[PDB]
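Colleague: Supplied in structure tokens, the structure appears directly below.
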Amino acid sequence: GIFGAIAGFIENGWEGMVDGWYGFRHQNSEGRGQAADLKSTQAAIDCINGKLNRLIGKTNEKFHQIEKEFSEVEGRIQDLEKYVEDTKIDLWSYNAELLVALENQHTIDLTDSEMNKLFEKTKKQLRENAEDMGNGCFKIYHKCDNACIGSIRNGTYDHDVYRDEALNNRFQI
Amino acid sequence: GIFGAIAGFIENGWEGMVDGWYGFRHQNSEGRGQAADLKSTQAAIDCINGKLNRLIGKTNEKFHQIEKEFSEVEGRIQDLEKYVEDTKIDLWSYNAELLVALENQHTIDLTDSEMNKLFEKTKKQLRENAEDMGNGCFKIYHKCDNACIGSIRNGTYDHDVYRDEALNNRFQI
Amino acid sequence: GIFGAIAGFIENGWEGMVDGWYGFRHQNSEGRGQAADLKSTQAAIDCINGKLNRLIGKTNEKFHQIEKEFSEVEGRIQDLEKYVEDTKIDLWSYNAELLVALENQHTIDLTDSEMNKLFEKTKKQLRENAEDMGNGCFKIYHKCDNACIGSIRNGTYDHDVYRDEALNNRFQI
Amino acid sequence: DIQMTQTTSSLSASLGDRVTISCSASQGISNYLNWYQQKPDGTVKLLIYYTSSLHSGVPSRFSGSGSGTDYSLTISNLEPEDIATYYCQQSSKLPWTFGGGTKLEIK
Amino acid sequence: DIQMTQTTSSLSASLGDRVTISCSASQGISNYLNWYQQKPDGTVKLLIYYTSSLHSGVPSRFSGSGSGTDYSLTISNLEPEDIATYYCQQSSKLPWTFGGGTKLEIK
Amino acid sequence: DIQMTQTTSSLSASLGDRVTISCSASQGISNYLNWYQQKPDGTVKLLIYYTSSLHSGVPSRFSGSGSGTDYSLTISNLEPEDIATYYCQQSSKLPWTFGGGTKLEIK
Amino acid sequence: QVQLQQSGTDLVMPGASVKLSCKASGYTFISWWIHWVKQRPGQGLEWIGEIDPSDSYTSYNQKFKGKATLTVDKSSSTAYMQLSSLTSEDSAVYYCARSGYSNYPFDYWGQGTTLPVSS
Amino acid sequence: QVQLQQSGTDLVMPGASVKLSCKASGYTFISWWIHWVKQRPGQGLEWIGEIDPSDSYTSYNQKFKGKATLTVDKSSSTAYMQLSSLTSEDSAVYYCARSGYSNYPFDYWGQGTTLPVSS
Amino acid sequence: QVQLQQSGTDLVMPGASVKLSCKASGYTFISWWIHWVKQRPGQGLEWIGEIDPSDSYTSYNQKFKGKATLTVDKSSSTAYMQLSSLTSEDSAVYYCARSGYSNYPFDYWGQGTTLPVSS
Ligand SMILES: *[C@@H]1O[C@H](CO)[C@@H](O)[C@H](O)[C@H]1NC(C)=O
Ligand SMILES: *[C@@H]1O[C@H](CO)[C@@H](O)[C@H](O)[C@H]1NC(C)=O
């Protein structure tokens, strides 16, 4: 079961991240900006590289086996060898299909989870000073000199002076 | 990965939802009524029917094989044939059990996730117009008739024209 | 760990929780106190013991099989029997590794889901009488948070007689 | 009160031909019109619900379509067991108003 | 302050006897009574954390039951190593109060 | 405005030498220095972006490092195609200012 | 299977009050709504009102506001209409209908209770 | 294993002040609470106070409020309990106990420090 | 392949206005920002302005406030530059640069349009 961010609330992707996978993009009085989040990108990269570590490079040595191609036609032994080889090939093909499907589903779930986790971390950081617009953005109800945008991303954002002002901007008329 | 919706805050299923799988239900001054959500129902139906496409219909052709029932008692070869067939049957039975359990768990997680996603979408639609009552219904603090109820069910929500009326009743009342 | 609670907003676990798996901890005017949540702990134990009843026991009886150790060299039949046994061992080793990895991932995701479910249940119980600080704690604003009107966080929180939003929830300094 | 009308109060048709029961509404109902089969012995059954969905037990012979104000019910393979009176009903605005009825007859 | 009461200050029971030690509270402590064992040399050990939950390393002879204000501790297979003073403590309302004690003796 | 300086306006280095180009900023830029190479015919390409990441198509001989106000661009093995003018540009505050430009020559 | 059993015919004097019945069986009575339709021999079907058996929610037609009262019995799984002041215009066939909610089609109907209001 | 090493016997003159010690080993000192119980020869166990080694949270009994002060040393994993104005009624055996939290049962107990307050 | 095709060379009289062009091909035009850099024949690179093709967001340099006016054409995938009141100090080579965003680096550059402002 996916979360609702990668293709749901996060509408159409950004394509401007050339360094990170997840990140922030703001619009302050100083102008627009984009920045990547290293933690969620690194976590997703770590799990995907681990999934690659289970598969790439890990092979089993099989030196001597049975004959799998027969020029002559025979009875019980040749039929049994062909049956055993076909059974092994079908079982390993089913294993490969199931493994690929399960890891692709888990990778999609992981990326959706990481995007939702970053959104929820930002929402918990902002407290009652910002609002969920449903597009994935945060209408922050207090102006700042880009120091707040810097302090939200790393994780050093507090309510500070921007609590009474944010509440006054939220609750008017 | 249970999202805690189908068995969580939603106490019971709605026997009477004859069309659709997920839906809304309101209580207005113009009376009660309810209707289904086509998008989440179609997504769940799409994934379940995709599992049905990869399961139902696709069968491998096995024309000639080995003997699986023996009337006489020879030793070495009939015991390797019986061992090979028993190994194949045990491996495919384990594959069937694991596949059924994994697909059922993924189906239940998906159907929980769709309900949670639709709940979070209609929660983000009404920022300060509704409060989570925790039973699945939202206490929307303004005069909402069937027009705005269907607007919430529609995606054409405004959340700004009713904000003053939904902010006085939410706090002062 | 996709819900981001056990390694997410909860910075560390609690050594000393000797009765339950998930629990509540507070510091109000009547002193510090701890209690365990029986429902989420029991659900986690129920699913893990379901896995344990699937795995522990349920062993198939295999009385007569083929010879798996050979003291001499024969040729075709020896190679076929060794190939069949090696194929069975490799397939069952892959099945065991995949089953262990998938069930460990599901167990960790289930734990994260149960922690997030308890957190969201407490948040929906509190409604506007508390703010989430992002550490997994709930700054509860009225009085007697978990001594006399906070043993009722077993499902019976009134959240209406303590609608204290004027103290510090919506207040200016 | 939304007025629900049917033009053909009594439709005459033989066996084995398609009949089109047209149903007109005063205001605009999106897809909330349904069809009821009133057999002459008093038994009433629901055939088509929400203008496209087939009710349980209803054969595939009955079908319906339409959008806005004009609505239709199709019985392509009219059998002697299908002789009855057909009604409309809005499920859009209270109160739920029904149609005038359409009683078929064998020509 | 809740007063812990233990009327059987001194109890006599021989080997192999099911001895029951009861601790009564002033009011309901809601399943929060602990059991402690003080050996005569001076070592105190927790036996039953809360009620009907054995501490780690405690033998299966010790068991507990009770709810509300009446709680009991059962030693079904009393041995010379099990002869000690037994205390009851609540964990409901500060301050944490202990019982008068119960010393076991050989009759 | 952040004044961006490059003291080595003209640098002479032979082939195969590890040439080092240093760019200094007035305020601290936080690893937001970008490196641009301008060929003598007018073509400009991006080589190192954010001082530690290789742009697509850039050969592995180009590398960069630095923190705070001092950053460096390192070419491990000089080649005849690498004779060009190099610029440094910040990515911290508006306006986005560039360096004085370092021209590469042959001794 | 699902059925909605009704009484056949009730002979009621004019100006009196009657309590019709609609016994519900074969399904969970709480989960599904019960409606009421009146059909005159010279007129079409007329919707009277709806009832929610979970909490007895009432919403009647404007023409039948003071005429019918809808009640349910959760123990016996029956739905009642309390018709008041029956006149000559009230002589019609009354149907009880199971829908699912207020805005949903009537899934299963009753047999029809003819109520001749005459002396 | 979990041990709570305690002093054996301290001879203190009456009217003076003593600072008992309870060294904790075998477990993480920060994440487990430390209590203090006083047992007279003629009385039962009496809980004095509790300390949280994480942030030095203090909450004592009402009887022993000015008598005892609980401090911890996270570097040496030792928990102290300073007694002030010792009288003849303070001559008892003092136990240090590790519980797990404030309202949790005392898991492991110390050896007990006998404090004869006599001249 | 991604490239930014520009005009070759425009000979414009002094005191006139010019509209340079930077045709974008090989990438989605609305998802990447376009910048403008002026290089004097003796001096270095000087950033002028940036444009967001999605909604025509404008933010120029302080010196080039009234000189430049950045516009885009999403149909033809071209980004314009309305330079006004050209003088002797405006005769330089002008480059257009693709970018991920405002702070993201100049990924690809145009061929450069030389603008000799002479009579
Ligand atoms: C934001 O995080 C960075 C680390 O990337 C560090 O400079 C500091 O913690 C924060 N910045 C400031 C200016 O405090
Ligand atoms: C619902 O949405 C559709 C298309 O989005 C359109 O009919 C209109 O915007 C909405 N209609 C109502 C009745 O809200």
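Here's how to read the names in the structure tokens: chain A, B, ... by the order shown, residue numbers from 1 in each chain, ligand numbers from 1 in the order shown.
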Write out as a list in words which residues come within 8 Å of residue 38 in chain I when counting only C-alpha atoms, dropping same-chain ones fewer than 4 positions away.
Modeller: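 Residues meeting the cut-off are residues 45, 46, 47, 48, 92, 93, 94 and 95 of chain I.
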Colleague: Kindly save the residues from that selection, with C-alpha atoms included, as an mmCIF file, in the first residue's frame.
Modeller:
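What landed in out.cif:
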data_model
loop_
_atom_site.group_PDB
_atom_site.id
_atom_site.type_symbol
_atom_site.label_atom_id
_atom_site.label_comp_id
_atom_site.auth_asym_id
_atom_site.auth_seq_id
_atom_site.Cartn_x
_atom_site.Cartn_y
_atom_site.Cartn_z
ATOM 1 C CA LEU I 45 30.871 37.296 -17.005
ATOM 2 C CA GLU I 46 28.025 39.350 -15.516
ATOM 3 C CA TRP I 47 24.662 37.836 -14.608
ATOM 4 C CA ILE I 48 21.630 39.855 -15.746
ATOM 5 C CA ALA I 92 29.164 42.818 -25.386
ATOM 6 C CA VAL I 93 28.482 39.115 -25.913
ATOM 7 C CA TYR I 94 25.206 37.881 -24.409
ATOM 8 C CA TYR I 95 24.686 34.262 -23.344
#
Colleague: If chain B is fitted onto chain C by least squares over all C-alpha atoms, taken pair by pair in sequence order, what do its new coordinates look like as a CSV table (one decimal) with C-alpha atoms, in the first residue's frame?
Modeller:
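Produced file result.csv, reproduced below:
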chain,number,residue,atom,x,y,z
B,1,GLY,CA,7.1,1.4,4.2
B,2,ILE,CA,8.7,3.0,7.2
B,3,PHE,CA,6.2,5.3,9.0
B,4,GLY,CA,9.1,7.2,10.7
B,5,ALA,CA,8.1,6.6,14.3
B,6,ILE,CA,10.5,4.1,15.9
B,7,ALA,CA,13.5,5.8,14.3
B,8,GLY,CA,11.8,9.1,13.5
B,9,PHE,CA,10.3,11.5,15.9
B,10,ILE,CA,10.7,9.1,18.8
B,11,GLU,CA,14.4,9.5,19.3
B,12,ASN,CA,15.1,6.5,21.5
B,13,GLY,CA,13.5,3.4,23.0
B,14,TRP,CA,12.5,3.4,26.6
B,15,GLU,CA,14.6,1.0,28.6
B,16,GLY,CA,12.3,0.6,31.6
B,17,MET,CA,9.1,-0.4,29.8
B,18,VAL,CA,9.1,-3.8,31.5
B,19,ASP,CA,5.5,-4.5,30.7
B,20,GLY,CA,4.0,-3.8,27.2
B,21,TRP,CA,5.7,-2.7,24.0
B,22,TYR,CA,4.1,0.7,23.5
B,23,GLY,CA,3.2,3.1,26.2
B,24,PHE,CA,2.6,6.7,27.4
B,25,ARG,CA,4.5,8.9,29.7
B,26,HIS,CA,3.3,12.2,31.3
B,27,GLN,CA,4.7,15.2,33.2
B,28,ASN,CA,2.0,16.7,35.5
B,29,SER,CA,1.9,18.9,38.6
B,30,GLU,CA,1.4,15.7,40.6
B,31,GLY,CA,4.6,14.2,39.4
B,32,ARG,CA,6.0,12.0,36.7
B,33,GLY,CA,4.7,8.5,35.8
B,34,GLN,CA,4.2,6.2,32.9
B,35,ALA,CA,2.2,3.1,31.8
B,36,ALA,CA,1.9,0.8,28.9
B,37,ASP,CA,-0.8,0.5,26.1
B,38,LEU,CA,-2.3,-3.0,26.1
B,39,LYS,CA,-4.1,-2.8,22.7
B,40,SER,CA,-1.2,-1.9,20.4
B,41,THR,CA,1.2,-4.3,22.3
B,42,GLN,CA,-1.3,-7.1,22.0
B,43,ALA,CA,-1.8,-6.4,18.3
B,44,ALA,CA,1.9,-6.5,17.6
B,45,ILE,CA,2.3,-9.6,19.8
B,46,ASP,CA,-0.6,-11.2,18.0
B,47,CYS,CA,0.9,-10.7,14.5
B,48,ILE,CA,4.4,-11.8,15.6
B,49,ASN,CA,3.0,-14.9,17.4
B,50,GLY,CA,1.0,-15.7,14.3
B,51,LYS,CA,4.2,-15.7,12.2
B,52,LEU,CA,5.6,-17.9,15.0
B,53,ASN,CA,2.6,-20.3,14.6
B,54,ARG,CA,3.0,-20.6,10.8
B,55,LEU,CA,6.8,-21.1,11.2
B,56,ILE,CA,7.5,-23.0,14.4
B,57,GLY,CA,5.9,-26.4,14.7
B,58,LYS,CA,4.6,-27.2,11.2
B,59,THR,CA,6.9,-29.7,9.6
B,60,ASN,CA,6.3,-32.1,6.7
B,61,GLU,CA,6.9,-35.8,7.1
B,62,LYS,CA,9.5,-37.3,4.6
B,63,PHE,CA,10.0,-40.9,5.4
B,64,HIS,CA,11.7,-42.5,2.3
B,65,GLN,CA,13.8,-40.5,-0.1
B,66,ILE,CA,16.8,-40.9,-2.4
B,67,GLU,CA,20.4,-41.5,-1.4
B,68,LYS,CA,22.2,-38.2,-0.8
B,69,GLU,CA,25.7,-39.4,0.0
B,70,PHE,CA,27.6,-41.7,-2.4
B,71,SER,CA,30.8,-43.7,-1.7
B,72,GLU,CA,31.5,-45.0,-5.2
B,73,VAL,CA,31.5,-43.1,-8.5
B,74,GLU,CA,28.8,-44.1,-11.1
B,75,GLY,CA,28.0,-41.4,-13.5
B,76,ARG,CA,24.6,-40.5,-15.1
B,77,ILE,CA,22.3,-41.5,-12.2
B,78,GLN,CA,24.4,-40.3,-9.2
B,79,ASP,CA,24.9,-36.9,-11.0
B,80,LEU,CA,21.2,-36.5,-11.5
B,81,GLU,CA,20.6,-37.5,-7.9
B,82,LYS,CA,23.2,-35.0,-6.7
B,83,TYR,CA,21.9,-32.3,-9.1
B,84,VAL,CA,18.3,-32.9,-7.9
B,85,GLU,CA,19.4,-32.6,-4.2
B,86,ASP,CA,21.5,-29.5,-4.9
B,87,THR,CA,18.7,-27.9,-6.8
B,88,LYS,CA,16.2,-28.6,-3.9
B,89,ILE,CA,18.7,-27.3,-1.3
B,90,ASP,CA,19.4,-24.1,-3.3
B,91,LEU,CA,15.7,-23.5,-3.9
B,92,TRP,CA,14.8,-24.0,-0.2
B,93,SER,CA,17.8,-21.9,1.0
B,94,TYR,CA,16.6,-19.1,-1.3
B,95,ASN,CA,13.1,-19.5,0.0
B,96,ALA,CA,14.4,-19.4,3.6
B,97,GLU,CA,16.4,-16.2,3.0
B,98,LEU,CA,13.5,-14.5,1.2
B,99,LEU,CA,11.0,-15.5,3.8
B,100,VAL,CA,13.2,-14.3,6.7
B,101,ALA,CA,13.9,-11.0,5.0
B,102,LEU,CA,10.3,-10.4,4.1
B,103,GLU,CA,9.0,-11.4,7.5
B,104,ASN,CA,11.6,-9.2,9.2
B,105,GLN,CA,10.7,-6.2,7.0
B,106,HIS,CA,7.0,-6.8,7.6
B,107,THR,CA,7.6,-7.0,11.4
B,108,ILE,CA,9.6,-3.8,11.5
B,109,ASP,CA,7.0,-2.0,9.3
B,110,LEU,CA,4.2,-3.4,11.6
B,111,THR,CA,6.0,-2.2,14.8
B,112,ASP,CA,6.5,1.2,13.2
B,113,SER,CA,2.9,1.3,12.1
B,114,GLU,CA,1.5,0.4,15.5
B,115,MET,CA,3.5,3.2,17.1
B,116,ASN,CA,2.4,5.7,14.4
B,117,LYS,CA,-1.2,4.5,14.7
B,118,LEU,CA,-1.3,4.9,18.5
B,119,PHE,CA,0.4,8.4,18.1
B,120,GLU,CA,-2.2,9.4,15.6
B,121,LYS,CA,-5.0,8.1,17.8
B,122,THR,CA,-3.9,10.1,20.8
B,123,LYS,CA,-3.4,13.1,18.5
B,124,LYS,CA,-7.0,12.8,17.3
B,125,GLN,CA,-8.1,12.4,20.9
B,126,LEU,CA,-6.8,16.0,21.7
B,127,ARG,CA,-7.9,18.2,18.8
B,128,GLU,CA,-6.9,21.6,20.0
B,129,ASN,CA,-5.8,20.6,23.5
B,130,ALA,CA,-2.3,19.5,22.5
B,131,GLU,CA,0.3,20.4,19.9
B,132,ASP,CA,2.9,18.1,18.3
B,133,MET,CA,6.2,18.9,19.7
B,134,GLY,CA,7.7,16.5,17.2
B,135,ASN,CA,9.7,14.5,19.8
B,136,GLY,CA,6.7,12.2,20.6
B,137,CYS,CA,5.4,14.2,23.6
B,138,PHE,CA,2.3,16.5,23.2
B,139,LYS,CA,2.3,20.0,24.9
B,140,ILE,CA,-1.2,19.8,26.4
B,141,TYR,CA,-2.2,23.3,27.3
B,142,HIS,CA,-4.4,22.8,30.4
B,143,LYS,CA,-4.3,21.6,34.0
B,144,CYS,CA,-4.3,17.8,33.5
B,145,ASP,CA,-3.8,15.6,36.5
B,146,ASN,CA,-3.5,11.8,36.6
B,147,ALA,CA,-7.3,11.4,36.2
B,148,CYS,CA,-7.4,13.1,32.8
B,149,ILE,CA,-4.0,11.6,31.9
B,150,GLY,CA,-5.4,8.1,32.4
B,151,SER,CA,-8.5,9.2,30.5
B,152,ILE,CA,-6.4,10.1,27.5
B,153,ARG,CA,-4.7,6.7,27.9
B,154,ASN,CA,-8.1,5.1,28.5
B,155,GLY,CA,-10.3,6.3,25.5
B,156,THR,CA,-12.7,8.1,27.8
B,157,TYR,CA,-11.4,11.5,26.6
B,158,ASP,CA,-13.8,14.5,26.8
B,159,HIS,CA,-11.9,17.2,24.8
B,160,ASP,CA,-14.7,19.7,25.4
B,161,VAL,CA,-14.5,20.5,29.1
B,162,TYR,CA,-10.9,21.6,28.8
B,163,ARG,CA,-11.3,23.2,25.4
B,164,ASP,CA,-11.5,26.8,26.6
B,165,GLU,CA,-8.5,26.5,29.0
B,166,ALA,CA,-6.6,24.7,26.2
B,167,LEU,CA,-7.5,27.4,23.6
B,168,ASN,CA,-6.6,30.5,25.7
B,169,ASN,CA,-3.2,29.0,26.6
B,170,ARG,CA,-2.6,27.8,23.0
B,171,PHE,CA,-3.0,31.3,21.4
B,172,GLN,CA,-2.9,34.2,23.9
B,173,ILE,CA,-0.8,32.9,26.9
Colleague: Do you know which residues are at most 7 Å from residue 100 in chain H counting only C-alpha atoms, after dropping those on the same chain fewer than 4 positions away, and could you put them as a PyMOL selection string?
Modeller: (chain C and resi 16) or (chain H and resi 32-33+104)
Colleague: With N, CA, C and O atoms retained, export the selected residues as a short mmCIF file (atom, residue, chain, number, x, y, z; two decimals), in the first residue's frame.
Modeller:
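Saved result, out.cif, follows:
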data_model
loop_
_atom_site.label_atom_id
_atom_site.label_comp_id
_atom_site.auth_asym_id
_atom_site.auth_seq_id
_atom_site.Cartn_x
_atom_site.Cartn_y
_atom_site.Cartn_z
N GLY C 16 13.08 0.13 30.57
CA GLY C 16 12.25 0.16 31.76
C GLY C 16 10.79 -0.17 31.51
O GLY C 16 10.06 -0.42 32.47
N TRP H 32 17.26 4.08 33.98
CA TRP H 32 16.55 3.41 35.06
C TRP H 32 16.57 4.28 36.31
O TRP H 32 17.61 4.84 36.66
N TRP H 33 15.42 4.39 36.97
CA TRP H 33 15.28 5.23 38.14
C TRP H 33 15.89 4.57 39.37
O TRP H 33 16.08 3.35 39.42
N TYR H 104 6.88 2.29 38.75
CA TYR H 104 7.20 0.92 38.43
C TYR H 104 7.85 0.22 39.62
O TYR H 104 8.50 0.87 40.44
#
Colleague: Within 6 Å of range 108-112 of chain H, counting only C-alpha atoms, which residues show up once you throw out same-chain ones fewer than 2 positions away? Write them as a list in words, please.
Modeller: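 That gives residues 4, 6, 94, 95, 96, 97, 98 and 106 of chain H.
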Colleague: Go ahead and write the residues just picked, C-alpha atoms, as an mmCIF file, in the first residue's frame.
Modeller:
data_model
loop_
_atom_site.group_PDB
_atom_site.id
_atom_site.type_symbol
_atom_site.label_atom_id
_atom_site.label_comp_id
_atom_site.auth_asym_id
_atom_site.auth_seq_id
_atom_site.Cartn_x
_atom_site.Cartn_y
_atom_site.Cartn_z
ATOM 1 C CA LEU H 4 23.576 -2.091 43.225
ATOM 2 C CA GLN H 6 26.038 -0.126 48.697
ATOM 3 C CA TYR H 94 18.649 2.276 54.169
ATOM 4 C CA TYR H 95 18.174 0.473 50.848
ATOM 5 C CA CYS H 96 18.737 1.777 47.327
ATOM 6 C CA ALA H 97 16.490 0.253 44.678
ATOM 7 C CA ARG H 98 16.316 0.352 40.883
ATOM 8 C CA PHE H 106 11.736 -1.877 42.285
#
Colleague: Give the residues of chain E that lie within 10 Å of chain H; count only C-alpha atoms, and format the answer as a PyMOL selection string.
Modeller: chain E and resi 1+32-36+41-50+55-56+87-101
Colleague: Show which residues sit within 9 Å of residue 17 in chain E, as number ranges by chain. Count only C-alpha atoms, and ignore same-chain residues fewer than 4 positions away.
Modeller: E: 13, 75-78
Colleague: What does the file look like for those residues with C-alpha atoms, as a PDB file, in the first residue's frame?
Modeller:
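Result went into again33.pdb, see below:
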ATOM      1  CA  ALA E  13       3.469 -23.024  57.718  1.00  0.00           C
ATOM      2  CA  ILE E  75       3.618 -20.175  47.639  1.00  0.00           C
ATOM      3  CA  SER E  76       2.438 -23.658  46.678  1.00  0.00           C
ATOM      4  CA  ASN E  77       5.744 -25.481  47.327  1.00  0.00           C
ATOM      5  CA  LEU E  78       7.257 -23.673  50.330  1.00  0.00           C
TER       6      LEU E  78
END
Colleague: As an exercise, work out the distance from CA of residue 101 in chain G to CA of residue 34 in chain G in Å and give it to one decimal place.
Modeller: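 Value for the CA of residue 101 in chain G-CA of residue 34 in chain G distance: 8.4 Å.
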Colleague: Looking only at the backbone, which of the residues in chain E does DSSP tag as strand (DSSP E or B), as a ChimeraX atom specification?
Modeller: /E:5,10-12,19-24,33-38,44-48,54,62-67,70-75,85-90,97-98,103-105
Colleague: Would you export the selected residues with C-alpha atoms as a compact mmCIF listing (two decimals), in the first residue's frame, please?
Modeller:
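So out16.txt came out as:
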# COMPACT_ATOMS: atom_id res chain seq x y z
CA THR E 5 -2.55 -3.47 55.86
CA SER E 10 3.53 -13.75 61.73
CA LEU E 11 2.39 -16.89 59.92
CA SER E 12 3.42 -20.50 60.56
CA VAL E 19 0.64 -20.57 52.18
CA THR E 20 -1.37 -17.50 51.14
CA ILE E 21 -0.33 -13.98 52.16
CA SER E 22 -3.03 -11.33 51.75
CA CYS E 23 -2.52 -7.56 51.60
CA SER E 24 -5.52 -5.23 51.92
CA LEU E 33 0.31 -3.97 44.18
CA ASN E 34 3.89 -5.28 44.21
CA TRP E 35 5.31 -8.15 46.26
CA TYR E 36 8.76 -8.07 47.87
CA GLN E 37 10.72 -10.76 49.70
CA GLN E 38 13.19 -9.77 52.43
CA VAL E 44 15.31 -7.73 49.41
CA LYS E 45 14.09 -9.11 46.08
CA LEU E 46 11.06 -8.36 43.93
CA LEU E 47 8.94 -11.46 43.29
CA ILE E 48 5.70 -10.45 41.54
CA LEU E 54 6.48 -12.97 37.76
CA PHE E 62 5.36 -17.97 43.62
CA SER E 63 2.09 -16.73 42.13
CA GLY E 64 -0.23 -13.78 42.61
CA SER E 65 -3.87 -12.89 42.10
CA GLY E 66 -6.45 -10.33 43.17
CA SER E 67 -8.21 -7.17 42.04
CA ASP E 70 -7.74 -7.60 48.04
CA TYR E 71 -4.59 -9.22 46.64
CA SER E 72 -2.95 -12.52 47.53
CA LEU E 73 0.45 -14.16 47.09
CA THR E 74 0.60 -17.96 46.92
CA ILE E 75 3.62 -20.17 47.64
CA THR E 85 9.54 -11.67 55.30
CA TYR E 86 7.01 -10.68 52.64
CA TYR E 87 5.97 -7.09 51.92
CA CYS E 88 3.27 -5.47 49.78
CA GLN E 89 3.60 -2.09 48.06
CA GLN E 90 1.23 -0.03 45.92
CA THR E 97 3.51 2.84 50.83
CA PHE E 98 4.70 -0.63 51.99
CA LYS E 103 7.29 -13.49 58.35
CA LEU E 104 6.98 -17.21 57.64
CA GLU E 105 7.81 -19.75 60.35
Colleague: Mind checking DSSP for range 120-166 of chain C and telling me the helix (DSSP H, G or I) residues as a count of residues only?
Modeller: 10
